[PDB]
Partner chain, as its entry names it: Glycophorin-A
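One chain follows as structure tokens, the form deposited without the partner chain.
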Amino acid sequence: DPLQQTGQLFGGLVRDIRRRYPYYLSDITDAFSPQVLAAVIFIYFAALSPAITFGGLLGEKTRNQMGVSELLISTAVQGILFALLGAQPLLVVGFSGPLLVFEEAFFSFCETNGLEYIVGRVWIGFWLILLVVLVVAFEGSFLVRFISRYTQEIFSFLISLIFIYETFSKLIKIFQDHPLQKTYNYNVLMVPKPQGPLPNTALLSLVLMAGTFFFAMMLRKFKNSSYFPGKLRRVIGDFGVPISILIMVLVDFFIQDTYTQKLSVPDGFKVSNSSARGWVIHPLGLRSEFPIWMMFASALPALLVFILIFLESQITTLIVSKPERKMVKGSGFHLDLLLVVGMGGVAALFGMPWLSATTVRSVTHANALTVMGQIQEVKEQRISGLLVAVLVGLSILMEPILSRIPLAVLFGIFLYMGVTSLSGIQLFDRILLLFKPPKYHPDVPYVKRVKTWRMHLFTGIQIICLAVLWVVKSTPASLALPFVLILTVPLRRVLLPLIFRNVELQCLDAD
């Protein structure tokens, strides 16, 4: 019903508003639960740490044009606004890898042509605002109807694998920075960072990450396990991630001689490069007048950004708001798209980065708010997102608290997040079934109705698509990764029916 084309202009937006806004008092009053607070802390850490990392990276690639502080402010403000007004408050808006790739590419292009980067970002944001207004006007979001379970599952599996690979690559980098050596230099300098290898740092980081992951898994099992009174067991289980974070933070705190990398938040809310840019960015130019040719040619990068943000946000909303996840309040596609893209453009006007609804963190938020009885229900409320965004904004004032948080603890939390995000995806189920004998296959329609080798061939085609997407991402043509993902949609609709019969597709791919 929400994904339907109507003759009235902006019909999807008003339909989404009329569907969601009646439940506003229900969302406000539904946050009174310990599970909500536990998910608040979990999502706060899982949104601050990637935000810190992406801000540091963005400050590194650019000449500090956009760094940690601007990313934090943008994330906080956009999260507050999206939680307050969005049709699906369970979504969390944050910076993503493809966005960083585009930002570095645009900065390189601007340096090559000598134009101002941030003013180009402002004009791209204006183009994005125009594009999203037109798309919502013409009900373009209905196109996500053609995104079936095939594309959603491929995207979710690839993105979770990317999260796991990023965590493991960070661990490998922390090992390479401090190699296991017989001897090390003494009285090293750590003012910006350790200039040389350090003893016990890599092994302690690995130990902390593994311990955090193990404790998260143990608490997740204990939540379903029947070793304690039901109320106490559920309260401890839903607080599992904060418990693991607290335990590992205390463990690292009680170690005084060894050095482990901690979260670094800036002192005060200010621009990363005060001399380079101000709070408000002039659309005509801070130093040189903006040529009209870029004013009119910003559409193509803006078109690419809109395609990336729209595809990622809408596929993430489709994944989160599936009927199998027991979401009864409904979700709005047009309103969410308008909000995310328009606020991204407005943030680009203020010099802050634009953001899209990330997949791993939104799925993790939904899973944390999911109440298990089989999924009995999902706590859908805006207070969780509002509090997460408020805490992200206030993370600057909480420097003593975040200074004690090791990065390896968050690496373990990210590994756990990716692994549990892998759960619930039938593509992962077929991956597991690839190794099981045909006797042990579960009683599901896509096992009885279809032969085992046909289902294995379907899973092999999905694996081939995943490998192609991974190769594209590793290729410096990473911005084309969404587009080839779009190429998955015709494959299901055109090429797949040539191979598999109608009943095989309807059983294997179904809403």
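Numbering follows the first chain given and starts at 1.
From this point on, the text means the form deposited with the partner chain bound, which you will not see here.
Candidate site formed by 129, 133 and 274: every one of these residues places a non-hydrogen atom within 4.5 angstroms of the partner chain in the deposited complex. The shortest heavy atom separation between residue 280 and the partner chain in the deposited complex is within 4.5 Å. Interface residue remark: residue 138 is counted as part of the site for the partner chain in the deposited complex, having a heavy atom within 4.5 Å.
When contacts are judged by a 4.5 Å heavy atom cut-off, residue 10 counts as touching the partner chain in the deposited complex. With a 4.5 Å cutoff on heavy atoms, residue 349 counts as touching the partner chain in the deposited complex.
A single residue from the set 287, 173, 404, 193 has any heavy atom within 4.5 angstroms of the partner chain in the deposited complex; that residue is 287. Proximity to the partner chain in the deposited complex, defined as a heavy atom within 4.5 Å, singles out one entry of 239, 123, 157, 150, which is 123. Comment: 287-295 is the region of 306-314, 287-295, 158-166, 321-329 lying near the partner chain in the deposited complex, near meaning a non-hydrogen atom within 4.5 Å.
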